[PDB]
Protein chains: 2
Amino acid sequence: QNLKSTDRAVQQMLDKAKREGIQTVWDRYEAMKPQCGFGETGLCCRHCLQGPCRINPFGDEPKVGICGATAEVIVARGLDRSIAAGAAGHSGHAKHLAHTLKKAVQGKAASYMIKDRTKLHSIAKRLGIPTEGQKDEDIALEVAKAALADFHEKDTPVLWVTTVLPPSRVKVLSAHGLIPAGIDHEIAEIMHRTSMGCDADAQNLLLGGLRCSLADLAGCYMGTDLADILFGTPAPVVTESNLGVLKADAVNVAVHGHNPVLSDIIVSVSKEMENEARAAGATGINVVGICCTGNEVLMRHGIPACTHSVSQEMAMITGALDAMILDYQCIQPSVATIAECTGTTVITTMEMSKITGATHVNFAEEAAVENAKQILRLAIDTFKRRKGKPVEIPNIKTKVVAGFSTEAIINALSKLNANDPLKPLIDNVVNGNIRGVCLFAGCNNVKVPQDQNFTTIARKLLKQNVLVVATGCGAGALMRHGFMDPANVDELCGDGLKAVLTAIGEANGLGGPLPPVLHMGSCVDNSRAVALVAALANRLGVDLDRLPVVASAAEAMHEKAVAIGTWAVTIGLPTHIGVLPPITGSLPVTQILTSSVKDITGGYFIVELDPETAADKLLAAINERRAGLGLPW
Amino acid sequence: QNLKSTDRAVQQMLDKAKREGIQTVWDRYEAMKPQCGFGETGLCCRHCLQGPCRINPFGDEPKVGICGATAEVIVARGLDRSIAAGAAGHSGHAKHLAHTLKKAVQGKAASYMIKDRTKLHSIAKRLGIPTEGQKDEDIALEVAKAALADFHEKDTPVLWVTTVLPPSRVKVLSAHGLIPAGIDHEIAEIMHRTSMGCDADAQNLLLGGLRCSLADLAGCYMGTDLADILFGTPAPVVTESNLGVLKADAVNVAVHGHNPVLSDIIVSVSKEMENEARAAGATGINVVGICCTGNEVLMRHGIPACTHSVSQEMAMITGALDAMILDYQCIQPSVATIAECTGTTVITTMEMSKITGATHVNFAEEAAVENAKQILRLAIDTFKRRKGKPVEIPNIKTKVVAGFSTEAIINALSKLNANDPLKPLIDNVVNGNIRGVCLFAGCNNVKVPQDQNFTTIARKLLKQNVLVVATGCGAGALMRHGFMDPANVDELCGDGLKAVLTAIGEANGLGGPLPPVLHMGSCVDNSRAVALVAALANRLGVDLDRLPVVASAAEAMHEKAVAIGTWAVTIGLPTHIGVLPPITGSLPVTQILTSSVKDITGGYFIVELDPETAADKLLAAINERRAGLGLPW
Ligand code: SF4
Ligand code: SF4
Ligand code: FES
Ligand code: FES
Ligand SMILES: [Fe+2]
Ligand SMILES: [Fe+2]
């Protein structure tokens with residue numbers, strides 16, 4: 001089972017699933033092998049009814065698509081559609097939150113409100129919306145309106161790009177025609193250009209992809225901004241992770257998906273319903289997180305994280321998961337069927353994301369509390385039904401310190417330098433105590449033993465004094481393996497990094513360090529890393545492609561992760577991907593994405609499946625940046 | 001060669017291509033066989049980096065996708081993405097025209113103007129935009145603004161749906177949540193919902209597809225409306241079709257793609273440049289059409305059509321095609337390479353549609369005449385280079401009467417009943433002289449011997465007194481085989497239909513009938529058939545799903561054609577498709593699209609690859625409609 005997951009709790013549940021005959025994602029993977037090599041390499045097209053077309057990577061015919069599409073074109077079109085799909089997900093989540101905010105401040109949904117007034121005003125100032133003499137509800141309405149306006153063409157480009165990067169970066173991107181005109185506009189233009197008999201020049205196609213990846217960035221940044229207004233900007237919080245956060249004697253309710261608009265209300269209403277759960281024989285309602293909706297409520301409220309991506313089914317296998325409350329994205333639809341075996345009540349809530357066999361609740365903001373109580377009552381009923389049934393919850397959990405928004409990082413640093421908070425971080429980059437910064441982002445992927453790349457690469461980087469930050473299932477991996485527990489700083493961190501984490505931690509009164517890795521939140525909250533890195537670039541008076549900052553989507557899976565990797569490259573970062581995207585069928589496309597794009601944006605992909613090698617390549621990238629700033633390395 | 005194309009001119013060029021060693025679409029097809037059966041049946045997914053996933057149609061594992069996606073889900077997601085892609089193309093073309101109109105009336109591009117004032121005012125009235133006391137430029141600005149607003153969410157749904165169908169149809173669609181909220185909004189929502197770990201219920205997915213197909217309809221209707229304002233509403237016109245419209249002694253320039261925004265200017269400027277072409281030794285500039293940009297200029301100006309879809313390369317093989325001027329969609333990218341052998345100058349013009357090896361001209365409305373002259377001068381240079389080179393233009397062409405906009409059909413009918421123009425058509429439906437109406441739409445497809453389905457089915461329908469209308473490459477097929485020549489009415493038409501075509505024709509002073517098939521224009525101009533059918537439904541006080549009207553995408557290829565077929569079903573029509581879309585891997589999805597959707601929209605797909613059988617099924621569908629109206633059949 002160690003060949004499937006490096007998480008011991010997952011291994012334990014994989015043994016239980018096997019003896020019970022419950023098929024898992026890893027079983028379904030095994031049943032799929034050998035996988036199609038045309039698709040793996042990107043040399044397949046189904047963009048018209050003359051296909052499917054394929055191209056042999058090597059050898060004889062077929063060499064070209066039926067319409068004449070080359071390997072270059074086919075690979076680039078496929079990639080562009082994945083970027084557009086990722087942009088559609090992040091920006092759909094953001095759009096939904098914009099509508100929520102509008103409802104809140106129009107008095108249409110009293111369960112929602114402006115929680116973070118400081119965030120609201122800062123965003124309005126970033127955007128150039130006046131605040132002086134305006135009511136908060138009106139400033140919010142303006143913010144929501146501006147968010148919605150970034151989805152279509154208008155007299156300005158997408159402000160959730162141009163107002164979040166430094167002018168010198170915007171100027172480089174503008175020069176190459178890369179600034180998006182509108183989020184849904186770009187998504188549609190990708191779908192058009194990639195359709196049969198349209199764009200058929202790899203460079204042109206890939207420039208379009210880069211632009212659409214910035215539309216994805218805008219969606220991410222918008223989603224973080226709006227969720228912080230509605231639900232609060234995260235600050236440091238202490239919690240736990242892994243399956244051992246489940247409790248046999250409680251009603252265990254997982255919140256799973258990405259948009260926390262209802263799950264944030266579930267957290268608050270569950271508390272209210274404690275005496276009702278006790279009436280049903282439970283100690284209370286124990287809300288736990290899966291995936292990014294889990295990350296959202298972890299970051300804001302300290303809700304413990306149960307599990308992430310690839311291992312999500314394992315929470316059900318314990319027998320103790322009374323309900324799984326779903327929004328959208330990254331939910332294996334197997335959960336609906338596994339529920340028949342495990343007894344879990346799986347509940348969908350969003351109109352555009354249903355799963356055959358799951359019970360659907362028509363969530364509406366105006367009815368959010370009513371919805372939450374209905375859902376929680378189903379969970380309580382489910383808990384009652386498992387009266388007397390043994391459960392098998394692995395007694396495995398880690399301590400997690402999280403909540404490191406960019407605001408929180410800047411505040412923590414300000415305890416070392418109140419009026420120039422970034423300076424202590426830069427001072428330590430310069431003196432070598434911090435070698436650089438690495439963002440771990442993205443998924444787990446069944447192809448890679450769960451967490452192995454994230455932990456292998458992080459361990460090497462941390463020993464080499466890299467400041468590591470993480471989001472999404474990268475954060476999930478690292479938290480489940482102890483990288484968010486400050487007790488592990490001595491073991492994991494190089495001396496320079498330890499000194500910095502300790503100095504910041506002791507200035508924040510902790511009597512001890514920051515954790516080894518800073519959890520910056522959900523997948524949209526990759527935008528928080530952009531804010532930090534843009535702030536550093538502006539403080540130094542350089543562009544992002546001069547900073548010793550890299551990214552690693554070490555176990556990438558979703559189209560969303562491909563979009564994030566692509567905008568990381570576009571904003572100027574060396575960006576590792578630890579699974580093969582479907583590009584290797586075209587050497588020219590590979591050479592653009594790994595090499596010639598450096599000349600355009602300064603960033604580039606590093607495609608490397610061996611994690612020890614990837615760590616060495618990431619360090620080399622960091623060190624090349626240091627050398628370009630004239631620093632020792 | 002008759003196994004490849006039923007067009008004799010195409011056969012002749014296929015012989016020339018073979019002896020010259022120039023690879024064609026049919027050669028590339030042969031090199032692709034056998035094609036992948038997973039893709040053909042829809043049982044392949046590449047929506048995340050855990051794939052590719054496939055499912056065996058029959059037998060053992062794999063049975064399910066890695067994430068748990070069933071065959072139902074995989075098939076429905078794939079189909080939905082094709083619909084969204086088609087919507088992106090039609091609506092991208094419409095969007096571009098909206099911007100053109102705005103430029104025109106703002107004084108930013110004097111080559112463009114309001115040509116059809118009557119169309120402008122009728123559209124403004126349909127939309128509820130005031131005209132009384134307003135300047136034309138301001139009414140136009142309002143129309144353009146309304147067009148652009150239909151791409152995003154706002155306080156109304158998409159007006160290019162709700163204002164073009166009858167209220168009773170809109171009410172049925174609204175009840176099922178099918179009215180689009182915004183064109184690019186829906187495209188993005190499809191891409192989101194179909195991404196990994198989102199929507200996973202076939203019915204839910206397919207309802208989303210139906211809604212997105214209405215966004216495609218809106219794009220089609222918008223595109224027709226705006227092109228008619230800018231360029232003129234078509235009226236009856238006489239021209240010719242097939243390769244024999246090329247002239248050895250002239251500069252032959254093809255206009256190819258779908259958006260005629262520049263090619264309409266090329267038509268007018270080419271005339272201006274006659275004395276300059278004569279200076280270069282040519283008789284003049286002979287502009288000819290390929291595909292839908294060809295249809296646009298045929299319908300408005302009587303520009304002869306050279307060829308269509310699958311056979312497009314054959315125009316180059318003649319050796320006489322001096323230039324091919326490309327916009328976007330349905331252009332085989334092979335043309336750029338074939339040009340190296342044939343000498344043709346292939347020129348791209350749209351930013352998002354380039355082809356490696358083709359010369360690019362950065363078209364801008366403000367510079368349209370300058371662009372046109374540059375392009376025409378390249379063509380003249382090319383003509384000079386082939387001085388003394390024999391060419392092989394098949395001496396094969398047909399006569400074509402076309403230009404049957406809905407306005408033109410209503411006008412023609414009005415000569416029989418001035419104040420109730422639809423009544424003579426309805427009277428003849430009722431008395432059986434017209435059995436019903438069939439729209440032929442969509443592509444050719446290399447899988448089907450070119451034109452064979454269109455001509456086989458049309459011939460059977462016409463003998464059974466069906467009024468046949470056609471667009472796109474369906475029109476192209478029928479025109480190249482003589483179905484737009486009124487001289488062929490005696491041979492092709494049943495006695496009842498002949499009597500009607502004759503009575504209308506003689507009332508329009510023609511001394512003879514309308515042609516056997518009415519050419520209603522380009523692919524966006526499928527919207528014209530919707531206008532006609534909606535007008536009939538309103539005149540009868542019934543919904544579209546009670547009318548004896550059917551559609552046939554007999555040789556479908558492009559994602560655009562899948563979107564059109566889907567909205568034809570959604571608005572209530574029995575809709576034949578003569579190529580397999582990738583659905584047969586899921587019986588449940590097939591049963592929804594061919595059967596249970598009848599209960600939702602009244603329409604349904606008829607999937608039938610044998611054209612004689614398809615004709616019988618289409619007649620049965622027509623006759624069932626007649627029986628439901630209490631009519632003899
Ligand atoms: S777009 Fe070209 S390469 Fe793709 S399926 Fe159609 S014919 Fe084949
Ligand atoms: S979305 Fe599911 S079925 Fe599709 S490739 Fe990914 S794991 Fe396979
Ligand atoms: S041939 Fe396998 S992914 Fe298409
Ligand atoms: S396995 Fe052939 S289309 Fe994917
Ligand atoms: Fe996530
Ligand atoms: Fe067309």
# chains A, B, ... in the order shown; residues from 1 in each chain; ligands from 1

call {"tool": "residues_around", "arguments": {"residues": "residue 167 in chain B", "least_positions_apart": "5", "cutoff": "12 Å", "atoms": "only C-alpha atoms", "output": "JSON, numbers by chain"}}
result
{"B": [161, 162, 172, 173, 174, 534, 535, 537, 538, 541, 542, 543, 544, 571]}

call {"tool": "select_by_dssp", "arguments": {"residues": "range 289-478 of chain A", "states": "strand (DSSP E or B)", "output": "PyMOL selection string"}}
result
chain A and resi 289-290+305-307+321-326+345-348+355+359-360+398-402+436-440+450+466-471

call {"tool": "write_last_selection", "arguments": {"atoms": "C-alpha atoms", "output": "CSV table (one decimal), in the first residue's frame"}}
result
chain,number,residue,atom,x,y,z
A,289,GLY,CA,-12.5,19.4,5.6
A,290,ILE,CA,-11.7,17.7,2.3
A,305,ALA,CA,-8.6,18.7,7.6
A,306,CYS,CA,-9.6,15.1,7.1
A,307,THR,CA,-7.9,14.4,3.7
A,321,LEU,CA,-18.3,9.7,7.9
A,322,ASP,CA,-21.9,10.5,8.3
A,323,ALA,CA,-22.2,13.1,5.6
A,324,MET,CA,-20.1,14.6,2.8
A,325,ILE,CA,-21.4,18.0,1.7
A,326,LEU,CA,-20.3,18.8,-1.9
A,345,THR,CA,-24.9,10.6,3.1
A,346,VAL,CA,-23.4,12.4,0.1
A,347,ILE,CA,-25.1,15.6,-0.7
A,348,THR,CA,-24.7,17.9,-3.7
A,355,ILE,CA,-23.8,13.2,-9.1
A,359,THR,CA,-29.1,13.5,-2.6
A,360,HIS,CA,-29.3,17.1,-4.0
A,398,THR,CA,-0.7,15.8,12.8
A,399,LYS,CA,-0.6,19.3,14.3
A,400,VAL,CA,-1.1,22.1,11.8
A,401,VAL,CA,-0.3,25.8,12.2
A,402,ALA,CA,-1.9,27.6,9.2
A,436,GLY,CA,14.7,31.8,-2.0
A,437,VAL,CA,11.0,31.0,-2.0
A,438,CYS,CA,9.2,27.9,-3.4
A,439,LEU,CA,5.4,27.7,-3.7
A,440,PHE,CA,4.0,24.1,-3.7
A,450,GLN,CA,0.5,10.0,-2.9
A,466,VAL,CA,14.3,27.8,1.1
A,467,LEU,CA,11.2,29.5,2.5
A,468,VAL,CA,8.4,27.1,1.5
A,469,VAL,CA,4.8,28.1,1.1
A,470,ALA,CA,2.0,25.9,0.0
A,471,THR,CA,-1.6,25.8,-1.2

call {"tool": "residues_near_ligand", "arguments": {"ligand": "ligand 6", "cutoff": "9 Å", "atoms": "only C-alpha atoms and all ligand atoms", "output": "VMD selection string"}}
result
chain B and resid 257 to 258 291 to 293 295 308 to 309 329 to 330 441 to 443 471 to 473 522 to 524 558 560 to 561

call {"tool": "write_last_selection", "arguments": {"atoms": "N, CA and C atoms", "output": "mmCIF file, in the first residue's frame"}}
result
data_model
loop_
_atom_site.group_PDB
_atom_site.id
_atom_site.type_symbol
_atom_site.label_atom_id
_atom_site.label_comp_id
_atom_site.auth_asym_id
_atom_site.auth_seq_id
_atom_site.Cartn_x
_atom_site.Cartn_y
_atom_site.Cartn_z
ATOM 1 N N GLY B 257 -13.520 31.021 -45.227
ATOM 2 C CA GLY B 257 -13.712 31.141 -43.770
ATOM 3 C C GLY B 257 -15.187 31.316 -43.508
ATOM 4 N N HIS B 258 -15.515 32.104 -42.501
ATOM 5 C CA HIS B 258 -16.921 32.391 -42.147
ATOM 6 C C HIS B 258 -17.268 33.854 -41.960
ATOM 7 N N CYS B 291 -16.508 27.770 -48.824
ATOM 8 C CA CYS B 291 -17.134 27.694 -47.548
ATOM 9 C C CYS B 291 -18.023 28.868 -47.265
ATOM 10 N N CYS B 292 -18.169 29.296 -46.009
ATOM 11 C CA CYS B 292 -19.255 30.231 -45.643
ATOM 12 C C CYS B 292 -18.968 31.666 -45.981
ATOM 13 N N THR B 293 -17.733 32.114 -45.909
ATOM 14 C CA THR B 293 -17.408 33.464 -46.375
ATOM 15 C C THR B 293 -17.822 33.532 -47.863
ATOM 16 N N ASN B 295 -20.326 31.675 -49.156
ATOM 17 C CA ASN B 295 -21.771 31.787 -49.078
ATOM 18 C C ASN B 295 -22.249 33.222 -48.817
ATOM 19 N N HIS B 308 -16.424 23.801 -51.495
ATOM 20 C CA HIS B 308 -16.834 23.743 -50.087
ATOM 21 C C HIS B 308 -16.082 22.649 -49.329
ATOM 22 N N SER B 309 -16.190 22.752 -48.027
ATOM 23 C CA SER B 309 -15.579 21.966 -46.987
ATOM 24 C C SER B 309 -14.503 21.003 -47.430
ATOM 25 N N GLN B 329 -12.288 29.461 -39.244
ATOM 26 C CA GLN B 329 -13.199 28.325 -39.160
ATOM 27 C C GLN B 329 -13.276 27.544 -40.437
ATOM 28 N N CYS B 330 -13.072 26.232 -40.315
ATOM 29 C CA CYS B 330 -13.295 25.272 -41.406
ATOM 30 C C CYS B 330 -12.261 25.321 -42.503
ATOM 31 N N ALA B 441 -28.282 21.317 -43.427
ATOM 32 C CA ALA B 441 -27.295 22.190 -42.803
ATOM 33 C C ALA B 441 -25.992 21.433 -42.630
ATOM 34 N N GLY B 442 -24.950 22.182 -42.293
ATOM 35 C CA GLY B 442 -23.706 21.589 -41.914
ATOM 36 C C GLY B 442 -22.832 21.178 -43.064
ATOM 37 N N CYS B 443 -21.872 20.369 -42.700
ATOM 38 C CA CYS B 443 -20.603 20.143 -43.392
ATOM 39 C C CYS B 443 -20.686 19.047 -44.404
ATOM 40 N N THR B 471 -28.356 25.523 -46.042
ATOM 41 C CA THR B 471 -27.331 26.486 -45.655
ATOM 42 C C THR B 471 -25.950 25.830 -45.662
ATOM 43 N N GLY B 472 -24.918 26.661 -45.589
ATOM 44 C CA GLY B 472 -23.569 26.164 -45.371
ATOM 45 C C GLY B 472 -23.116 25.205 -46.458
ATOM 46 N N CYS B 473 -22.433 24.126 -46.074
ATOM 47 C CA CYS B 473 -21.989 23.125 -47.061
ATOM 48 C C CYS B 473 -23.088 22.197 -47.525
ATOM 49 N N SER B 522 -25.319 31.228 -45.183
ATOM 50 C CA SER B 522 -24.195 30.646 -44.456
ATOM 51 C C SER B 522 -24.664 29.830 -43.212
ATOM 52 N N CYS B 523 -23.705 29.314 -42.456
ATOM 53 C CA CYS B 523 -24.038 28.538 -41.263
ATOM 54 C C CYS B 523 -24.714 29.414 -40.162
ATOM 55 N N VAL B 524 -24.258 30.653 -39.938
ATOM 56 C CA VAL B 524 -24.983 31.493 -38.966
ATOM 57 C C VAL B 524 -26.423 31.701 -39.460
ATOM 58 N N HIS B 558 -18.069 19.692 -38.080
ATOM 59 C CA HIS B 558 -17.460 20.636 -37.141
ATOM 60 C C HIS B 558 -18.219 20.657 -35.806
ATOM 61 N N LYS B 560 -19.278 23.261 -34.568
ATOM 62 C CA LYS B 560 -20.370 24.191 -34.881
ATOM 63 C C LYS B 560 -21.607 23.439 -35.333
ATOM 64 N N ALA B 561 -21.412 22.379 -36.132
ATOM 65 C CA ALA B 561 -22.553 21.604 -36.640
ATOM 66 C C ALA B 561 -23.246 20.816 -35.545
#

call {"tool": "closest_residue", "arguments": {"among": "B:17, B:51, B:9, B:3", "to": "ligand 2", "atoms": "only C-alpha atoms and all ligand atoms"}}
result
B:51

call {"tool": "select_by_dssp", "arguments": {"residues": "range 361-591 of chain A", "states": "alpha helix (DSSP H)", "output": "VMD selection string"}}
result
chain A and resid 368 to 385 406 to 414 422 to 430 452 to 463 472 to 480 489 to 492 495 to 507 526 to 540 559 to 570 587 to 591

call {"tool": "residues_near_ligand", "arguments": {"ligand": "ligand 3", "cutoff": "7 Å", "atoms": "only C-alpha atoms and all ligand atoms", "output": "mmCIF file with N, CA and C atoms, in the first residue's frame"}}
result
data_model
loop_
_atom_site.group_PDB
_atom_site.id
_atom_site.type_symbol
_atom_site.label_atom_id
_atom_site.label_comp_id
_atom_site.auth_asym_id
_atom_site.auth_seq_id
_atom_site.Cartn_x
_atom_site.Cartn_y
_atom_site.Cartn_z
ATOM 1 N N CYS A 36 -3.442 4.941 -22.877
ATOM 2 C CA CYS A 36 -3.206 5.289 -24.262
ATOM 3 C C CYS A 36 -2.027 6.218 -24.384
ATOM 4 N N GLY A 37 -1.050 5.823 -25.191
ATOM 5 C CA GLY A 37 0.113 6.638 -25.386
ATOM 6 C C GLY A 37 -0.089 7.855 -26.301
ATOM 7 N N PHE A 38 -1.089 7.765 -27.175
ATOM 8 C CA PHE A 38 -1.420 8.945 -28.011
ATOM 9 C C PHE A 38 -1.922 10.059 -27.083
ATOM 10 N N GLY A 39 -2.881 9.736 -26.226
ATOM 11 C CA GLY A 39 -3.349 10.746 -25.322
ATOM 12 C C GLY A 39 -2.302 11.253 -24.320
ATOM 13 N N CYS A 44 -3.408 13.250 -29.889
ATOM 14 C CA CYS A 44 -4.773 12.827 -30.217
ATOM 15 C C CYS A 44 -5.593 14.082 -30.302
ATOM 16 N N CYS A 45 -6.491 14.106 -31.295
ATOM 17 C CA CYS A 45 -7.461 15.174 -31.480
ATOM 18 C C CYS A 45 -8.839 14.580 -31.777
ATOM 19 N N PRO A 52 -11.694 10.271 -34.375
ATOM 20 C CA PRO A 52 -10.455 10.755 -33.737
ATOM 21 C C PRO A 52 -9.239 10.682 -34.636
ATOM 22 N N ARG A 54 -4.985 10.686 -34.523
ATOM 23 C CA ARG A 54 -3.789 10.494 -33.712
ATOM 24 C C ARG A 54 -2.589 10.612 -34.585
ATOM 25 N N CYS B 36 -9.496 5.213 -33.840
ATOM 26 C CA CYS B 36 -9.689 4.753 -32.481
ATOM 27 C C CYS B 36 -11.155 4.578 -32.182
ATOM 28 N N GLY B 39 -12.463 6.744 -29.005
ATOM 29 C CA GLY B 39 -12.883 8.068 -29.361
ATOM 30 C C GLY B 39 -14.148 8.134 -30.228
ATOM 31 N N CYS B 44 -13.746 7.986 -24.224
ATOM 32 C CA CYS B 44 -12.393 8.442 -23.889
ATOM 33 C C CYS B 44 -12.553 9.765 -23.198
ATOM 34 N N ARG B 46 -9.883 12.851 -21.459
ATOM 35 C CA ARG B 46 -8.591 13.474 -21.166
ATOM 36 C C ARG B 46 -8.762 14.754 -20.350
ATOM 37 N N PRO B 52 -4.901 9.497 -20.083
ATOM 38 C CA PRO B 52 -6.243 9.285 -20.658
ATOM 39 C C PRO B 52 -6.986 8.113 -20.051
#

call {"tool": "residues_near_ligand", "arguments": {"ligand": "ligand 1", "cutoff": "8 Å", "atoms": "only C-alpha atoms and all ligand atoms", "output": "ChimeraX atom specification"}}
result
/A:44-54,64-70,74,195-197 /B:332,557-558

call {"tool": "closest_residue", "arguments": {"among": "B:56, B:31, B:590, B:85", "to": "ligand 4", "atoms": "only C-alpha atoms and all ligand atoms"}}
result
B:56

call {"tool": "closest_residue", "arguments": {"among": "B:382, B:23, B:2, B:453", "to": "chain A", "atoms": "only C-alpha atoms"}}
result
B:23

call {"tool": "residues_around", "arguments": {"residues": "residue 427 in chain A", "least_positions_apart": "4", "cutoff": "12 Å", "atoms": "only C-alpha atoms", "output": "PyMOL selection string"}}
result
chain A and resi 413+416-417+420-423+431-436+500+536+539-540+631

call {"tool": "residues_around", "arguments": {"residues": "residue 245 in chain A", "least_positions_apart": "3", "cutoff": "10 Å", "atoms": "only C-alpha atoms", "output": "list in words"}}
result
residues 239, 240, 241, 242, 248, 252, 286, 287, 288, 289, 303, 304, 305, 306, 307, 393, 394, 395, 396, 397 and 398 of chain A

call {"tool": "residues_around", "arguments": {"residues": "residue 619 in chain A", "least_positions_apart": "2", "cutoff": "12 Å", "atoms": "only C-alpha atoms", "output": "ChimeraX atom specification"}}
result
/A:435-438,457-458,460-467,548-552,574-576,606,612-617,621-626,633

call {"tool": "atom_distance", "arguments": {"atom1": "CA of residue 564 in chain A", "atom2": "CA of residue 179 in chain A"}}
result
15.7 Å

call {"tool": "closest_residue", "arguments": {"among": "B:75, B:503, B:129, B:198", "to": "residue 92 in chain A", "atoms": "only C-alpha atoms"}}
result
B:198

call {"tool": "atom_distance", "arguments": {"atom1": "CA of residue 577 in chain B", "atom2": "CA of residue 562 in chain B"}}
result
8.9 Å

call {"tool": "atom_distance", "arguments": {"atom1": "CA of residue 8 in chain B", "atom2": "CA of residue 26 in chain B"}}
result
15.4 Å

call {"tool": "closest_residue", "arguments": {"among": "A:520, A:448, A:282, A:212", "to": "residue 4 in chain A", "atoms": "only C-alpha atoms"}}
result
A:448

call {"tool": "closest_residue", "arguments": {"among": "A:620, A:32, A:547, A:350", "to": "ligand 4", "atoms": "only C-alpha atoms and all ligand atoms"}}
result
A:32

call {"tool": "decode", "arguments": {"residues": "range 512-524 of chain B", "atoms": "N, CA and C atoms", "output": "PDB file, in the first residue's frame"}}
result
ATOM      1  N   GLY B 512     -41.122  31.255 -64.745  1.00  0.00           N
ATOM      2  CA  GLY B 512     -40.682  29.969 -64.314  1.00  0.00           C
ATOM      3  C   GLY B 512     -40.448  29.881 -62.792  1.00  0.00           C
ATOM      4  N   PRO B 513     -40.215  28.638 -62.388  1.00  0.00           N
ATOM      5  CA  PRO B 513     -40.289  28.393 -60.971  1.00  0.00           C
ATOM      6  C   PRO B 513     -39.124  28.953 -60.192  1.00  0.00           C
ATOM      7  N   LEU B 514     -39.360  29.039 -58.887  1.00  0.00           N
ATOM      8  CA  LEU B 514     -38.260  29.039 -57.909  1.00  0.00           C
ATOM      9  C   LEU B 514     -37.407  27.811 -58.137  1.00  0.00           C
ATOM     10  N   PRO B 515     -36.132  27.866 -57.651  1.00  0.00           N
ATOM     11  CA  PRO B 515     -35.336  26.649 -57.758  1.00  0.00           C
ATOM     12  C   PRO B 515     -35.806  25.518 -56.843  1.00  0.00           C
ATOM     13  N   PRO B 516     -35.297  24.307 -57.119  1.00  0.00           N
ATOM     14  CA  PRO B 516     -35.751  23.157 -56.334  1.00  0.00           C
ATOM     15  C   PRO B 516     -35.472  23.280 -54.818  1.00  0.00           C
ATOM     16  N   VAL B 517     -34.375  23.921 -54.475  1.00  0.00           N
ATOM     17  CA  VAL B 517     -33.932  24.112 -53.106  1.00  0.00           C
ATOM     18  C   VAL B 517     -33.676  25.581 -52.930  1.00  0.00           C
ATOM     19  N   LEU B 518     -34.103  26.123 -51.781  1.00  0.00           N
ATOM     20  CA  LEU B 518     -33.881  27.531 -51.478  1.00  0.00           C
ATOM     21  C   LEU B 518     -32.629  27.685 -50.594  1.00  0.00           C
ATOM     22  N   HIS B 519     -31.662  28.406 -51.079  1.00  0.00           N
ATOM     23  CA  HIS B 519     -30.421  28.695 -50.381  1.00  0.00           C
ATOM     24  C   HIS B 519     -30.625  29.849 -49.435  1.00  0.00           C
ATOM     25  N   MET B 520     -30.639  29.513 -48.132  1.00  0.00           N
ATOM     26  CA  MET B 520     -30.840  30.496 -47.069  1.00  0.00           C
ATOM     27  C   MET B 520     -29.551  31.059 -46.465  1.00  0.00           C
ATOM     28  N   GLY B 521     -28.412  30.609 -46.950  1.00  0.00           N
ATOM     29  CA  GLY B 521     -27.155  31.294 -46.691  1.00  0.00           C
ATOM     30  C   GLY B 521     -26.081  30.497 -45.986  1.00  0.00           C
ATOM     31  N   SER B 522     -25.319  31.228 -45.183  1.00  0.00           N
ATOM     32  CA  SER B 522     -24.195  30.646 -44.456  1.00  0.00           C
ATOM     33  C   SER B 522     -24.664  29.830 -43.212  1.00  0.00           C
ATOM     34  N   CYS B 523     -23.705  29.314 -42.456  1.00  0.00           N
ATOM     35  CA  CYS B 523     -24.038  28.538 -41.263  1.00  0.00           C
ATOM     36  C   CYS B 523     -24.714  29.414 -40.162  1.00  0.00           C
ATOM     37  N   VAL B 524     -24.258  30.653 -39.938  1.00  0.00           N
ATOM     38  CA  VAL B 524     -24.983  31.493 -38.966  1.00  0.00           C
ATOM     39  C   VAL B 524     -26.423  31.701 -39.460  1.00  0.00           C
TER      40      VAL B 524
END
